[PDB]
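Asker:
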Ligand SMILES: [Zn+2]
Ligand SMILES: [Zn+2]
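In the deposited numbering, the protein residues as written are 1 to 79.
(1) Identify every residue that forms a DSSP beta bridge with residue 63.
(2) Can you grab the Cα-Cα spacing for the pair residue 54 / residue 78, in whole Å?
(3) Express the C-alpha separation of residue 66 and residue 72 in angstroms, rounding to a whole number.
(4) In whole angstroms, what separates the C-alpha of residue 25 from that of residue 17?
(5) Suppose you measure from the CA of residue 15 to the CA of residue 61; what does that come to, to the nearest Å?
(6) With hydrogens ignored, establish whether the beta-carbon of residue 46 is closer than 6 Å to any heavy atom of ligand 2.
(7) Ignore the nearest five residues each way along the sequence and tell me which others in residue 36's own chain have a CB closer than 8 Å to its CB.
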């Protein structure tokens, strides 16, 4: 037969485990540096509010959609 062992199955579909507090992430898991995290742990840098799971990163930092949107604004844009 197959040297060793064969015959195991598992479907423990839980949720994203926060790589910070090691606690289930019911809500959308905040991905940072290729790792799950809570969007409540970190806070914006501009306003200073509770970031979100879809919080965009800026040079290592993390800003909230609200602020982030108020960043990509300008008049005459030339690619
Ligand atoms: Zn956490
Ligand atoms: Zn903000």
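Quick reminder that beta carbons are idealized off the backbone N, C-alpha and C, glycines included.
Answerer: Taking the geometry as given:
(1) 56
(2) Residue 54 and residue 78: Cα-Cα distance of roughly 28 Å.
(3) So the alpha carbons of these two residues sit roughly 11 Å apart.
(4) The C-alpha of residue 17 is placed about 6 Å away from the C-alpha of residue 25.
(5) 25 Å
(6) yes
(7) If we look at residue 36 and ignore the five residues flanking it on each side, its Cβ neighbours are 16, 17, 18, 19, 25, 29, 30.
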